[PDB]
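Here we start with a single chain on its own, the form deposited in one PDB entry, put down as structure tokens.
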């Protein structure tokens, strides 16, 4: 009873990309930055190229993420531009120039205002609510997997763990999971739901309000299941009014259904962003903020080929 996924998978000539530099080779794999110039179009699109870190049927998992990324279209979700089928299979996506939100919140923590924090909360809840519309469970929502296009615009990324549900619960089998972001049911029963992502959304909000603190810092991930059963949660961050912390606490409730819906999280944080200093107490509420031949540079969000 599902609709045909008529998304288009664009195969891109390795010749179309130029000026490729290195952006990082962390746990996400070797990621490059560069310019994608579609032949005979006179546009230069800043892109990120990612190959997993050979030909060891890891080539299989990278196509799984491309499938998901090619099937999403939302201003707060990173969309796949295309894949390059050279010796390595590469994901080509829109370049998010300011990097992950986790490193951004750390490196600019003395210049992030309550307006920015509450707005990021709205945008992530809009992206997640879109992923819920498309019957998609992210299973890896964290501040590290939210990229920053501009300080005013963030998008959810990294769909390696993402899984598409039929027409409610998903049962994983094994492998490295981010324990400190998962709902209790995801830890004990390996059940994942849109409401399991709400728990992850809660930990993601806690990362921002603490300006990039490590959740459950210095405590072995094997202990996490037990202390969460004892009724323990993450602490109230200093800048957080009880209003904002009460929303985070609601995301970590043991009854998965009595947790907030992503559509309800948009509404509450939207109302809060209407008056940010009433809900986030931050000292000094502040402002926030590529090579020469740039005449034909078009950001990917304005390059729309149907």
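Numbering follows the first chain given and starts at 1.
This next part talks about the form solved in complex with a partner chain, which is not shown.
- Contact check for residue 145: a heavy atom falls within 4.5 Å of the partner chain in the deposited complex.
- In the deposited complex, the partner chain lies within 4.5 Å of some heavy atom of residue 190.
- Proximity of residue 160 to the partner chain in the deposited complex falls outside the 4.5 Å heavy atom cutoff.
- With a 4.5 Å cutoff on heavy atoms, residue 176 counts as touching the partner chain in the deposited complex.
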